[PDB]
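Visitor: The structure under discussion is supplied below as C-alpha cells; questions concerning it will follow.
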Amino acid sequence: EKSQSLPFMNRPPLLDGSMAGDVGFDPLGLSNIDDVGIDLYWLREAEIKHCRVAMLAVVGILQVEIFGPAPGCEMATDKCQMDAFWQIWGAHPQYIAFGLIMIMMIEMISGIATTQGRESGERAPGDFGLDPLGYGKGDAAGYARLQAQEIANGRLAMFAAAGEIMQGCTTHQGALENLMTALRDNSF
Amino acid sequence: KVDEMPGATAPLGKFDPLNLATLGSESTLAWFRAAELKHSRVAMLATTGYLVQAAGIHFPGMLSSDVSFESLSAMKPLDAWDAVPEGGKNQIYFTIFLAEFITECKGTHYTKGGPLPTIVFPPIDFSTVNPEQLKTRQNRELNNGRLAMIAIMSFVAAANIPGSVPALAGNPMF
Amino acid sequence: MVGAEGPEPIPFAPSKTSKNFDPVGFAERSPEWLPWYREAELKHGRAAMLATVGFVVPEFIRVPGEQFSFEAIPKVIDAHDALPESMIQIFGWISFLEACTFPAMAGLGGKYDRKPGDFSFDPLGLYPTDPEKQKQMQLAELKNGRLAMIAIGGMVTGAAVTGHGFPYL
Amino acid sequence: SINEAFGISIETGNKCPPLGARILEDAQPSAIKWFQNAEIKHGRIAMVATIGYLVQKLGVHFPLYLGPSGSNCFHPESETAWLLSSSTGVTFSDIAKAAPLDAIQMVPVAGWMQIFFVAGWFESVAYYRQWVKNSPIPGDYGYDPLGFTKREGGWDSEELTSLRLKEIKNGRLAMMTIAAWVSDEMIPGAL
Amino acid sequence: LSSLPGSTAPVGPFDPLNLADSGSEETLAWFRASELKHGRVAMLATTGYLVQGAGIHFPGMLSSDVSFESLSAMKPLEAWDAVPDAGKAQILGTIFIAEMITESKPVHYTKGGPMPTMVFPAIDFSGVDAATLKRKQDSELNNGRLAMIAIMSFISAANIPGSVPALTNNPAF
Amino acid sequence: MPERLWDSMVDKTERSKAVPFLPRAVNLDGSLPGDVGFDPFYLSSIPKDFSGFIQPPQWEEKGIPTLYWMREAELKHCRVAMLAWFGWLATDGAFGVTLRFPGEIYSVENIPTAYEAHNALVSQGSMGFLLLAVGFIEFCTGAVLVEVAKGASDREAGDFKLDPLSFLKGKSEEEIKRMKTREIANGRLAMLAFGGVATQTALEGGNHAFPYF
Ligand code: CLA
Ligand code: CLA
Ligand code: CLA
Ligand code: CLA
Ligand code: CLA
Ligand code: CLA
Ligand code: CLA
Ligand code: KC1
C-alpha cells in the first residue's frame with residue numbers, strides 16, 4: 001500500500017488514517033521512533049501544540065499590526081512585532097514574566113498529562129477537555145471535520161508564524177508591510 | 001491506373017515514351033496527375049493573364065495608394081510583377097499558401113486513394129456527376145492546360161530571347 | 001604466434017634468419033608474458049606507422065590554422081614543443097581511449113577470449129574470411145609495424161642531425 | 001563475390017575492372033556493402049555538384065523569375081538582391097558575380113553550420129536505415145518522397161533495379177565530371 | 001477526432017503531427033480545455049487591444065491618481081504598466097478564485113468532466129439544446145483559433161514592424 | 001593468487017555492444033531504456049551498496065543494486081541538466097525573450113547574463129532559498145531509495161508517479177520504454193550541453209552571452 005501524498009513510497013506502517021491530517025506523509029519514517037522518550041504520541045502532541053501556538057501567533061501579529069497594541073501597551077508604535085516586544089519589555093516587563101511563569105506551570109502540567117496519557121490510554125494527544133461550547137458532543141462526522149480543520153489551519157499557520165518571525169527579524173518592518181513590499185517588487 | 005484515368009486522347013493514345021507512369025507506385029502517378037493538373041491550372045491562368053495584360057485591358061483605377069492599375073498596363077506583364085507593391089505580393093503569397101495548406105490537408109489526400117484538389121473558396125466545385133460527361137470535361141482541362149504550359153513557356157522565351165517564335169517577337173508586349 | 005616466419009634476413013648479422021627470431025628468448029623465459037608482448041608490439045607498431053606518415057605529411061601540406069603554418073613552424077621536429085595546447089588534447093583523448101582498455105589489459109591471459117591486439121575494429125570489412133590469409137594479413141601488419149618502429153628512429157635522427165626535408169641527407 | 005554484385009554492367013564488359021576488383025576478393029560482405037554505399041554517396045553529391053556548378057557558372061541566383069530582369073537562365077541579372085545574410089550584407093547577387101570557387105568563400109561560417117547540421121541529421125538517418133537496420137539495398141536511406149519504392153513491391157522488380165543501376169551510373173558520370181569541371185577551375189588540363 | 005466539436009469543414013480533424021495520440025485520452029482532454037481557455041483569453045485580448053488601441057476608454061478615474069485619459073494615450077501593451085499595483089492585485093485575485101473554482105468541480109474535465117463554465121454570474125448552461133451547443137462550441141473554438149493568431153500578430157507588430165503587412169502604418173502599434 | 005574480482009564483474013561470455021573488445025558487465029542486461037552495454041570502466045559492477053550515503057550500512061542490513069543507484073543518479077542528472085541548460089539559455093535571451101522574474105533583483109540591469117546569476121544571488125539570498133526548497137524535495141523523495149534497498153518497494157529508478165498530463169496512462173510497455181529512452185537520450189545530451197555552456201563561458205576568452213562561443 002502506497003502513501004497518498006508520496007505515491008512512489010510505501011505507506012508508513014504506524015499511520016493508518018486514524019488521526020485527522022493523515023495522508024501518509026512521513027518519508028523519513030519519524031513516526032517509527034520509539035526510543036528517547038519520543039513516539040507517535042509525543043510527535044502528535046508536539047504537532048498539535050505547534051499548530052495551536054502558531055495559530056495564535058499569526059492573529060496575535062495581525063491584531064497589533066492592524067488595530068494597534070492593547071491599551072496599557074500603547075508604547076509599542078512599531079509594526080515590526082519582533083521589535084515591539086522589546087518596547088513592552090522595556091516598560092512593563094512584569095506582565096510578560098507573569099505570562100511566562102503562567103505558561104511554565106501550564107506547560108509542566110501538560111508535560112505530565114502527555115507522559116501519563118501515553119502510559120495509559122485515557123487521553124488523546126493534544127486533548128485537554130477544553131470543549132466548553134461542546135462541539136464534540138454530537139455529529140461525529142462533523143466533529144472529525146473540526147479535528148481536521150484544526151490540523152489543516154494549524155499546519156498552515158506553522159509556516160506563517162515561522163515566516164513572520166524570520167521576515168520580521170530580518171526586515172524589521174512588520175508582516176503586512178512586508179506583504180505590500182513584495183507586491184510592488186514582484187508586480188508584472 | 002494509367003489506363004483508368006483521363007488524359008488519354010485521340011492523336012496520342014497513352015503518350016508515355018519514358019514509361020514514367022509505371023516507374024513508381026500508384027501514389028507516384030497520383031502525384032504526377034496532381035502535378036500535371038496544378039501546372040495546368042496555373043499555366044491556364046498564366047496564358048490568360050499574359051494576353052489580357054498585353055491587350056491593355058485593366059481594372060479601374062488604383063491598385064495601391066501609390067500604384068495605379070494603368071501604370072502596370074503600359075509595361076510588359078512579366079515586368080509588371082516587379083512593380084506590384086511588396087504588401088500586395090505578400091497578400092498574394094498568403095492566400096496561395098493558405099490554399100496549398102488546405103488542399104494538402106483536406107481529408108483523404110490525393111496521393112492516397114483521394115480526390116484531386118478542388119476550389120478552396122467558395123467550396124462548390126461545379127462538377128458533373130455524369131461519369132461519361134465528366135471524364136471528357138477533365139480530358140478537356142488537361143490538354144487545354146497542356147497547351148497553356150507550352151504557351152507560357154513561349155511567352156517567356158519571347159520576353160528573354162528576342163525571336164524564338166514566328167508569330168511573336170514583333171509585339172512590344174511579349 | 002603469427003609473427004614468426006621469414007625469410008627476411010637480419011642486416012649486420014648475415015647468419016641469423018628471422019624465423020622464430022628470439023635470441024634473448026623471452027618466449028621460453030616467460031611464456032605467460034607473450035600475449036602481453038604481442039599487445040605491446042602491435043601498439044608500438046600501430047603508433048609508429050602513423051608516426052611515419054605524420055612526420056612527412058606536414059612537410060608539404062599543413063592544417064589551415066595559422067599557428068601551424070610553415071612561417072610559424074618550418075620544421076616538424078619542434079612542433080611537439082611549439083604547440084602545447086594541441087598536445088594535451090591529443091594526450092587527453094588518447095588517455096580516455098587507453099583507460100577503456102585497462103579491463104582488456106587486465107584479462108589478457110586466459111580470462112576471456114580476446115586475442116591480443118584485436119580491438120574488434122574493422123569498419124571497412126577488410127579482414128578476409130578464410131583463415132590461412134588472415135595470418136598473412138596479421139603478418140603484414142606486424143612486418144609493416146616493425147618496419148615503422150625502425151623507421152621513425154631513422155626519420156627523427158635523420159632530421160635532428162641533418163635538418164632537411166623528406167628523404168634525407 | 002565482388003564480380004557478382006550489383007554495379008557491374010556492359011560498359012566494362014559485364015565484369016568489374018581488376019584493380020578495383022583486387023581490393024575486394026578476400027573481404028567480407030560488409031566490405032562490398034561499404035564500398036557500394038560510398039560509391040553511391042559520392043555519386044550523390046557529385047550529381048548535385050554539377051547543377052550547383054551549372055547555376056554558379058551561370059547567374060541563376062536567387063530570386064528565380066523566368067521573365068526578363070528576373071535572374072533566370074536566360075537573363076541572369078537581378079534587381080532585388082534577396083540578401084542571403086543580413087548581418088553580413090551579402091546577397092545572392094554577390095555570389096554569382098565572382099567565380100565558381102569564390103562562391104563558397106563568401107558564405108558565412110554560420111551558414112555552413114546550418115547546412116552541416118541538417119546534413120549531420122541526414123547522415124544519422126542514413127547510417128541507421130542502412131547499417132543498423134541492415135538494409136540489403138546499398139544506398140537505401142529510407143528517403144522516397146513520392147513513393148517510387150512502393151512499386152510492386154518491392155525491391156526485386158525491374159523498375160527499381162533499372163533505377164538503381166541508372167542512379168549509380170549517372171553518379172558515375174557526374175563523379176568524373178565535377179572532377180574535370182573543378183580541374184579547369186584549378187589547372188588547365190582539359191585534355 | 002471528428003465527433004469532437006473543433007473538427008470543422010476545411011480541415012477536420014486537423015492534426016498533422018498526430019499530437020492527439022501523443023498521450024492518453026486524458027491528455028487530449030487537457031489539450032481541449034487549454035485550447036478553449038487560450039481561445040477565450042485571446043478573444044478578450046484581441047478585443048482589448050482593438051478597443052484600447054483606438055481611444056475607447058471609460059470615463060473618469062481608474063484610481064486616485066491614474067485616470068483612463070492617460071492609459072488610452074499609450075499603446076495598450078505598456079498601458080498595463082501604469083495600472084496601479086493594487087489594480088493588478090484585484091484583477092489577479094479574482095482570476096485566482098476563477099481558476100480555483102473551475103478546477104475544483106466534482107469531476108475533472110481531464111477525467112471526462114465539464115470544461116470551465118461561468119463562475120460569477122453563475123448562469124446554468126446544461127440543457128441548452130446539444131445540437132445548438134454543438135454549433136456554438138465550434139464557433140467558440142474557431143473564433144478562439146483566429147484570435148490567438150490575432151493577438152500574437154498584435155504583439156509581433158508592436159515590436160517588430162512589418163511582421164504583418166496589414167498593421168505596418170497603424171498608430172496603435 | 002586470490003580469485004580475481006575481474007571474473008565477478010564481467011560476463012566473460014558476451015561482449016559489450018558499444019565497446020566490442022570489452023566483455024559485457026554483469027548488471028547491464030539491455031532491460032533498462034538507454035542500455036547499449038556501455039560501461040568501459042565497469043562502474044555498474046562495483047559491489048558497494050551506494051545507498052549508504054543516505055542511510056549508513058550500520059543502521060540496518062540493506063542493499064541497493066548498483067545499477068539501480070546509478071540509473072536513479074543518471075536520471076536525476078538528466079532531468080536537472082535539461083532544466084539547467086534550458087534555464088541558462090532562457091534567462092540569457094537565447095530564445096528571443098530574455099526571460100526574467102518580475103522582481104528587479106533579477107533584472108537584466110542587475111544581473112546581465114546567466115553567467116553572473118549564481119554569485120549575485122548567493123549574496124542576495126535567492127540561492128539559499130532554492131537550496132531549502134530543493135533540499136526539502138530531496139529529503140522527501142530521496143528516502144524511497146532506502147525503501148528499495150530494504151527490498152520493500154518495487155519502484156523503478158527515477159519512477160515517481162508524476163505524469164500530470166498522463167502521457168503514459170494507457171500505453172504499452174514498449175512505447176513506455178521508448179518514451180523512457182527519449183528522456184534518457186535527451187537528458188544525456190543536455191548533460192553534455194550544460195557542460196559546454198558552463199565551461200565555454202568560464203574560459204578567459206569570455207563570451208558570457210549566447211551563443212557562448
Ligand atoms: C510538367 C508538368 C507535367 C506533369 C507532372 C505531367 C504528368 C503526366 N502526363 Mg503530361 N504533359 C505535359 C506536362 C506534364 N505532364 C505537357 C506540357 C504536355 C504537352 C506536351 C503533356 C502531354 C501529355 C500527353 C499527351 C499525355 C500526358 C500524360 C501524363 C501522365 C503520364 C505519366 C508520366 O509519364 O509522367 C511524367 C513524369 C514527370 C516527372 C513529368 C515530366 C517532367 C519532365 C520529366 C521534366 C523535364 C521535361 C523537359 C525539361 C522538357 C520540357 C521542355 C519545355 C521547355 C517545353 C502524367 C500524369 C499521359 C496521360 O495523361 O495518360 C492518361 C498522356 O497521354 N502528358
Ligand atoms: C503566541 C501567542 C501570543 C504571544 C506570545 C503574544 C504576546 C504579546 N502580545 Mg499578543 N495576541 C495574541 C497572541 C500572542 N500574543 C492573540 C491570540 C491576540 C488576539 C488576536 C493578541 C492580541 C494582542 C493585542 C491587542 C496586544 C497584544 C500584545 C502582546 C504583547 C504584550 C502582552 C502580554 O505580554 O500579556 C501577558 C500575558 C498574559 C496576560 C497571559 C497570557 C495567556 C495565558 C498564558 C493563558 C494562555 C492559555 C492558552 C492560550 C490556552 C490554554 C492552554 C492549556 C490549558 C492547553 C506580547 C508580546 C499587546 C502589545 O503590546 O502589542 C505590541 C497588545 O496591545 N496581543
Ligand atoms: C497567373 C496568375 C496571375 C498573376 C500572378 C497576375 C498578376 C497581376 N495581375 Mg493579372 N490576370 C490573370 C492572371 C494573373 N495575374 C488572369 C487569369 C486574369 C483574367 C481574370 C487577369 C486579369 C487582370 C486584370 C484586368 C488586371 C490584372 C492585374 C495584375 C497585376 C496586379 C493586380 C492583381 O494581382 O489582380 C489580378 C487578378 C487575378 C489574378 C484574379 C484571378 C485569380 C482568381 C482569384 C482565381 C479564379 C477566379 C475566378 C474563377 C474567375 C477568373 C478566372 C478566369 C475566368 C480567367 C498583377 C501583376 C492588374 C494590372 O495591373 O494589369 C496590368 C489589372 O488591372 N490581371
Ligand atoms: C570515389 C568514389 C568511388 C567509390 C567508393 C567506387 C567504388 C566502387 N566502384 Mg566505382 N567508379 C567511380 C568512383 C567510385 N567507385 C568513378 C569516378 C568511375 C568512372 C565512371 C567508376 C566506374 C566503375 C565501374 C565501371 C565499376 C566500378 C565498380 C566499383 C566497385 C568495385 C571496386 C572498384 O572498382 O573501385 C575501387 C575504389 C577505390 C580504389 C577507391 C579509392 C579512390 C582513389 C583511388 C583514392 C585515391 C585518390 C587520389 C588520392 C586522388 C584522386 C585521383 C583520381 C581522381 C584519379 C566499388 C563499389 C565496379 C562495380 O560496380 O562492381 C559491383 C565496376 O564494374 N566503378
Ligand atoms: C494553445 C494552443 C492550442 C492547443 C493546446 C490546441 C489544441 C488542439 N487543437 Mg487547435 N489550433 C490552435 C491552437 C491550439 N490548439 C490555433 C492557434 C489554430 C489556428 C491555426 C488551431 C487550429 C485547429 C484546427 C483547425 C483544429 C485544431 C484541433 C486541436 C485539437 C488537436 C489534437 C492535438 O492533440 O493537438 C495538440 C495541439 C497542441 C499541443 C498545440 C500546442 C502548440 C504547439 C506544440 C506548438 C505551436 C507553435 C506554432 C508553430 C507557433 C505558430 C504561431 C501562430 C500565431 C501561427 C487539440 C485540442 C483540431 C480539433 O479541434 O479537433 C477536436 C482541429 O480540427 N486546432
Ligand atoms: C434595458 C435593458 C434591460 C435588460 C436586457 C434587462 C434584463 C434583465 N434584468 Mg432588468 N432592469 C432594467 C432593464 C433591463 N433588464 C432596468 C431599466 C432596471 C431598473 C428598474 C432593471 C432592474 C432589474 C432588477 C432589480 C433585476 C433585473 C433582472 C434582469 C434579468 C432577468 C432575467 C434573469 O433572471 O436572468 C439571469 C440574470 C442574468 C443573466 C444577469 C447576470 C448578472 C451578473 C451575473 C452580475 C450579477 C451582479 C449582481 C449585482 C450580484 C448581486 C449579488 C452578489 C453581491 C452576491 C434580465 C437579464 C433580475 C436579475 O438579474 O435576477 C437574477 C433582477 O433581479 N433587472
Ligand atoms: C536546473 C534547474 C534550474 C536552476 C537551478 C535555476 C536557477 C536559477 N534560475 Mg532558472 N529557470 C529554469 C531552470 C533553473 N534555473 C527553467 C527550466 C526556467 C523556465 C524557462 C527558468 C526560468 C527562470 C527565470 C525567468 C529566472 C530564473 C532565475 C534563476 C536564478 C534564481 C532563481 C531563484 O533563486 O528563485 C527561486 C525559484 C523558485 C522558488 C522556483 C521553484 C523551484 C522548485 C522548488 C524547484 C524544484 C521543482 C522542480 C521543477 C520539479 C521537482 C521534481 C521533483 C518533485 C521530483 C537561479 C540561478 C532568475 C534569474 O536570476 O535569472 C538571471 C530569473 O529571473 N529562472
Ligand atoms: C477581403 C479582405 C481584404 C481587404 C480589406 C483588402 C484591402 C486591401 N488590399 Mg487586398 N487582397 C485581398 C483581400 C483584401 N484586401 C486578397 C484575398 C488578395 C489575394 C487574392 C488581395 C490581393 C491584393 C494585392 C496584390 C494588393 C492588395 C492591396 C489592398 C489595399 C489597397 C491599397 C492600400 O490601402 O494599401 C487594401 C487595404 C494593395 C496593397 O496592399 O498595396 C500595398 C495591393 O497591391 N490586395
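We name chains A, B, ... following the order of the C-alpha cells; residues begin at 1 in each chain, and ligands are numbered from 1 as shown.
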Which neighbours of segment 139-143 of chain B fall inside 9 Å, counting only C-alpha atoms, when residues of the same chain fewer than 3 positions from it are skipped, and could you give them as number ranges by chain?
Guide: B: 6-9, 36-37, 40-41, 134-136, 146-148
Visitor: Kindly determine which residues of chain E lie within 10 Å of chain A, considering only C-alpha atoms, and give the answer as a list in words.
Guide: residues 80, 81, 84, 85, 86, 88 and 89 of chain E
Visitor: Within 10 Å of ligand 4, counting only C-alpha atoms and all ligand atoms: which residues, as a PyMOL selection string?
Guide: chain D and resi 1-25+31-43+46+138+165+168-180
Visitor: With only C-alpha atoms as the counted atoms, please give the residues lying no more than 6 Å from segment 165-172 of chain E, apart from itself and same-chain residues fewer than 5 positions off, as a PDB file with N, CA and C atoms, in the first residue's frame.
Guide:
```pdb
ATOM      1  N   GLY B  87       3.613  44.707 -50.158  1.00  0.00           N
ATOM      2  CA  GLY B  87       2.483  44.339 -49.339  1.00  0.00           C
ATOM      3  C   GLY B  87       1.400  43.667 -50.135  1.00  0.00           C
TER       4      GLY B  87
ATOM      5  N   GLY E  53      -6.733  50.414 -28.282  1.00  0.00           N
ATOM      6  CA  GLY E  53      -5.861  50.961 -29.305  1.00  0.00           C
ATOM      7  C   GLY E  53      -6.482  52.091 -30.094  1.00  0.00           C
ATOM      8  N   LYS E  75      -0.035  53.116 -26.021  1.00  0.00           N
ATOM      9  CA  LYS E  75      -0.327  51.847 -26.655  1.00  0.00           C
ATOM     10  C   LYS E  75      -0.618  50.809 -25.571  1.00  0.00           C
TER      11      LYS E  75
END
```
Visitor: Which residues form the shell of 10 Å around ligand 1 when you count only C-alpha atoms and all ligand atoms, given as a PyMOL selection string?
Guide: chain B and resi 1-24+28-40+43+139+142-154+157
Visitor: Residues within 6 Å of ligand 7 should be enumerated using only C-alpha atoms and all ligand atoms and returned as a ChimeraX atom specification.
Guide: /F:80-81,83-84,86-87,90-91,99-101,106,111,114,117-118,126-127,130,133-134
Visitor: Write to file, as a short mmCIF file (atom, residue, chain, number, x, y, z; two decimals), in the first residue's frame, the residues of the selection just made, with C-alpha atoms.
Guide:
```cif
data_model
loop_
_atom_site.label_atom_id
_atom_site.label_comp_id
_atom_site.auth_asym_id
_atom_site.auth_seq_id
_atom_site.Cartn_x
_atom_site.Cartn_y
_atom_site.Cartn_z
CA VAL F 80 18.46 18.63 -13.65
CA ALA F 81 20.65 19.38 -16.67
CA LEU F 83 16.14 22.23 -16.93
CA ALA F 84 19.50 23.86 -16.29
CA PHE F 86 17.11 25.45 -20.73
CA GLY F 87 17.23 27.76 -17.72
CA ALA F 90 16.09 31.31 -21.37
CA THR F 91 17.43 33.87 -18.90
CA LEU F 99 13.05 35.67 -19.56
CA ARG F 100 13.45 37.25 -16.13
CA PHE F 101 11.37 37.28 -12.97
CA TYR F 106 16.59 39.50 -11.24
CA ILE F 111 22.29 40.54 -13.48
CA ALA F 114 23.15 33.92 -16.62
CA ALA F 117 23.49 34.87 -11.65
CA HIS F 118 24.96 32.33 -9.21
CA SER F 126 17.67 33.70 -3.67
CA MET F 127 20.05 30.75 -3.99
CA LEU F 130 16.38 27.43 -3.56
CA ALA F 133 13.27 24.26 -1.46
CA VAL F 134 15.36 21.68 -3.33
#
```
Visitor: Run DSSP on the backbone and grab whatever in segment 7-86 of chain C lands in alpha helix (DSSP H); send it over as a PyMOL selection string.
Guide: chain C and resi 26-29+34-56+79-82+84-86
Visitor: Please dump the current selection as a compact mmCIF listing (two decimals), in the first residue's frame; keep N, CA, C and O atoms.
Guide:
```
# COMPACT_ATOMS: atom_id res chain seq x y z
N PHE C 26 62.61 -14.57 -24.82
CA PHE C 26 61.52 -14.19 -23.94
C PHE C 26 60.38 -15.20 -23.99
O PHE C 26 59.57 -15.27 -23.05
N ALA C 27 60.29 -15.99 -25.06
CA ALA C 27 59.22 -16.97 -25.19
C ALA C 27 59.40 -18.16 -24.27
O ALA C 27 58.41 -18.74 -23.82
N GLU C 28 60.64 -18.55 -23.97
CA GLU C 28 60.89 -19.65 -23.06
C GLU C 28 61.15 -19.19 -21.63
O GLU C 28 60.89 -19.94 -20.69
N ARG C 29 61.66 -17.97 -21.45
CA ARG C 29 61.92 -17.46 -20.11
C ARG C 29 60.62 -17.12 -19.39
O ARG C 29 60.46 -17.41 -18.21
N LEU C 34 53.82 -13.49 -23.07
CA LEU C 34 53.76 -13.44 -24.53
C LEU C 34 52.49 -12.78 -25.08
O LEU C 34 52.61 -12.04 -26.07
N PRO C 35 51.27 -12.99 -24.54
CA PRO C 35 50.15 -12.16 -25.01
C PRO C 35 50.26 -10.70 -24.60
O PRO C 35 49.69 -9.84 -25.28
N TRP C 36 50.96 -10.39 -23.51
CA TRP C 36 51.26 -9.00 -23.21
C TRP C 36 52.28 -8.44 -24.18
O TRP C 36 52.25 -7.24 -24.49
N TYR C 37 53.18 -9.28 -24.69
CA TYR C 37 54.21 -8.80 -25.61
C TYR C 37 53.64 -8.54 -26.99
O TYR C 37 54.06 -7.60 -27.68
N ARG C 38 52.68 -9.37 -27.43
CA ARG C 38 52.06 -9.16 -28.74
C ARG C 38 51.18 -7.91 -28.74
O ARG C 38 51.17 -7.16 -29.72
N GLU C 39 50.46 -7.68 -27.64
CA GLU C 39 49.68 -6.45 -27.49
C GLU C 39 50.59 -5.23 -27.46
O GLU C 39 50.25 -4.19 -28.03
N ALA C 40 51.76 -5.35 -26.84
CA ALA C 40 52.70 -4.24 -26.78
C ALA C 40 53.43 -4.03 -28.10
O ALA C 40 53.83 -2.90 -28.41
N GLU C 41 53.63 -5.09 -28.87
CA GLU C 41 54.28 -4.95 -30.17
C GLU C 41 53.35 -4.29 -31.18
O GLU C 41 53.78 -3.45 -31.97
N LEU C 42 52.07 -4.67 -31.16
CA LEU C 42 51.12 -4.08 -32.09
C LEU C 42 50.83 -2.63 -31.73
O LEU C 42 50.66 -1.79 -32.62
N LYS C 43 50.80 -2.30 -30.44
CA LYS C 43 50.59 -0.91 -30.05
C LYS C 43 51.81 -0.06 -30.36
O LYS C 43 51.68 1.12 -30.71
N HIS C 44 53.00 -0.63 -30.22
CA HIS C 44 54.20 0.05 -30.70
C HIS C 44 54.20 0.11 -32.22
O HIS C 44 54.70 1.08 -32.80
N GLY C 45 53.65 -0.90 -32.88
CA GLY C 45 53.66 -0.93 -34.33
C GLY C 45 52.68 0.04 -34.95
O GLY C 45 53.00 0.75 -35.90
N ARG C 46 51.46 0.09 -34.40
CA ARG C 46 50.43 0.95 -34.97
C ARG C 46 50.68 2.42 -34.67
O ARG C 46 50.32 3.29 -35.47
N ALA C 47 51.31 2.73 -33.53
CA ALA C 47 51.64 4.12 -33.24
C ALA C 47 52.82 4.60 -34.08
O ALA C 47 52.89 5.78 -34.42
N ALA C 48 53.75 3.70 -34.41
CA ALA C 48 54.89 4.09 -35.23
C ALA C 48 54.53 4.20 -36.70
O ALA C 48 55.23 4.90 -37.44
N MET C 49 53.47 3.52 -37.14
CA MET C 49 53.06 3.63 -38.53
C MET C 49 52.44 4.99 -38.82
O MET C 49 52.73 5.61 -39.84
N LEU C 50 51.59 5.48 -37.91
CA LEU C 50 51.05 6.83 -38.04
C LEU C 50 52.10 7.89 -37.77
O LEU C 50 51.94 9.03 -38.22
N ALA C 51 53.15 7.55 -37.03
CA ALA C 51 54.23 8.49 -36.79
C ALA C 51 55.08 8.71 -38.03
O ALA C 51 55.67 9.78 -38.19
N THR C 52 55.14 7.72 -38.91
CA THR C 52 55.91 7.86 -40.14
C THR C 52 55.17 8.73 -41.15
O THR C 52 55.77 9.59 -41.80
N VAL C 53 53.87 8.50 -41.31
CA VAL C 53 53.05 9.37 -42.15
C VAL C 53 52.94 10.75 -41.52
O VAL C 53 52.92 11.77 -42.22
N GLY C 54 52.92 10.81 -40.20
CA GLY C 54 52.85 12.08 -39.51
C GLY C 54 54.12 12.88 -39.48
O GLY C 54 54.10 14.03 -39.02
N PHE C 55 55.23 12.31 -39.93
CA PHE C 55 56.49 13.02 -39.97
C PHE C 55 56.82 13.59 -41.34
O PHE C 55 57.71 14.45 -41.43
N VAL C 56 56.13 13.16 -42.39
CA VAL C 56 56.45 13.56 -43.75
C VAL C 56 55.30 14.32 -44.41
O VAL C 56 55.53 15.06 -45.37
N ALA C 79 57.47 20.83 -33.59
CA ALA C 79 56.03 21.02 -33.45
C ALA C 79 55.48 20.48 -32.14
O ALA C 79 54.44 20.96 -31.68
N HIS C 80 56.14 19.48 -31.55
CA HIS C 80 55.73 18.97 -30.24
C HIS C 80 55.93 20.02 -29.16
O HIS C 80 55.09 20.17 -28.27
N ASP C 81 57.02 20.77 -29.23
CA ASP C 81 57.31 21.78 -28.21
C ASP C 81 56.70 23.14 -28.53
O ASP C 81 56.65 24.00 -27.65
N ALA C 82 56.23 23.34 -29.76
CA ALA C 82 55.69 24.64 -30.15
C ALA C 82 54.18 24.73 -30.02
O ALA C 82 53.65 25.84 -29.92
N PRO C 84 51.81 23.36 -27.45
CA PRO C 84 51.49 22.60 -26.24
C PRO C 84 50.00 22.42 -26.02
O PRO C 84 49.59 21.35 -25.56
N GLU C 85 49.17 23.41 -26.36
CA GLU C 85 47.73 23.26 -26.21
C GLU C 85 47.14 22.29 -27.22
O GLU C 85 46.02 21.80 -27.02
N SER C 86 47.86 22.00 -28.30
CA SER C 86 47.47 20.96 -29.23
C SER C 86 47.88 19.57 -28.78
O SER C 86 47.28 18.59 -29.21
```
Visitor: Mind checking which residues fall within 12 Å of residue 167 of chain C, counting only C-alpha atoms, ignoring those fewer than 6 positions away in the same chain, and posting them as a PyMOL selection string?
Guide: chain C and resi 55-56+59+151+154-156+158-159
Visitor: Residues within 10 Å of ligand 3 should be enumerated using only C-alpha atoms and all ligand atoms and returned as a CSV table (one decimal) with C-alpha atoms, in the first residue's frame.
Guide:
```csv
chain,number,residue,atom,x,y,z
B,41,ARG,CA,-4.4,25.4,-63.9
B,42,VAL,CA,-1.5,27.8,-63.2
B,43,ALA,CA,-0.5,27.9,-66.8
B,44,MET,CA,-4.1,28.4,-68.0
B,45,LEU,CA,-4.3,31.4,-65.7
B,46,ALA,CA,-0.9,32.4,-66.9
B,47,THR,CA,-1.7,32.3,-70.6
B,48,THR,CA,-4.9,34.2,-70.0
B,49,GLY,CA,-3.2,36.6,-67.6
B,50,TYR,CA,-0.5,37.4,-70.1
B,51,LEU,CA,-2.8,38.0,-73.0
B,52,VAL,CA,-5.3,40.2,-71.2
B,53,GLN,CA,-2.4,42.2,-69.7
B,54,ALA,CA,-0.8,42.5,-73.1
B,55,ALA,CA,-4.1,43.6,-74.6
B,56,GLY,CA,-4.1,46.7,-72.4
B,57,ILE,CA,-7.4,46.0,-70.6
B,58,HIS,CA,-7.1,46.5,-66.8
B,59,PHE,CA,-9.0,47.3,-63.7
B,60,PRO,CA,-10.0,50.8,-62.6
B,61,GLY,CA,-8.2,52.6,-61.2
B,62,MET,CA,-5.6,52.4,-58.4
B,63,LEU,CA,-4.0,49.2,-57.3
B,64,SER,CA,-2.4,50.8,-54.2
B,67,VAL,CA,0.5,52.4,-57.7
B,68,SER,CA,-2.3,52.7,-60.3
B,69,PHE,CA,-3.5,49.8,-62.4
B,70,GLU,CA,-2.8,51.8,-65.5
B,71,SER,CA,0.9,52.2,-64.8
B,72,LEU,CA,1.2,48.3,-64.9
B,73,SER,CA,-0.8,48.1,-68.1
B,74,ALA,CA,1.8,50.0,-70.0
B,75,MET,CA,4.8,47.7,-69.3
B,76,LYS,CA,5.1,44.0,-70.1
B,77,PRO,CA,3.2,41.7,-67.8
B,78,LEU,CA,6.4,39.9,-66.8
B,79,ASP,CA,7.8,43.3,-65.7
B,80,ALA,CA,4.6,44.4,-64.2
B,81,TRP,CA,5.1,41.9,-61.3
B,82,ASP,CA,8.3,43.8,-60.3
B,83,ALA,CA,6.2,47.0,-59.8
B,84,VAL,CA,3.4,45.3,-57.7
B,85,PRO,CA,3.9,46.6,-54.0
B,88,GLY,CA,0.4,43.3,-52.3
B,89,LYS,CA,2.6,40.4,-53.2
B,91,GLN,CA,-1.3,39.3,-49.8
B,92,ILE,CA,-1.0,37.1,-52.9
B,93,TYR,CA,1.6,34.7,-51.3
B,95,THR,CA,-3.7,33.3,-50.0
B,96,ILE,CA,-1.8,31.0,-52.3
B,119,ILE,CA,-11.9,25.0,-55.2
B,120,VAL,CA,-10.8,26.3,-51.8
B,121,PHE,CA,-13.2,29.3,-51.5
B,152,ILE,CA,3.5,30.4,-71.2
```
Visitor: Show me which residues sit within 6 Å of ligand 5 when counting only C-alpha atoms and all ligand atoms, and put them as a PyMOL selection string.
Guide: chain E and resi 1+4-7+11-15+19-20+28+31-32+34-35+38+145-146+148-149+152
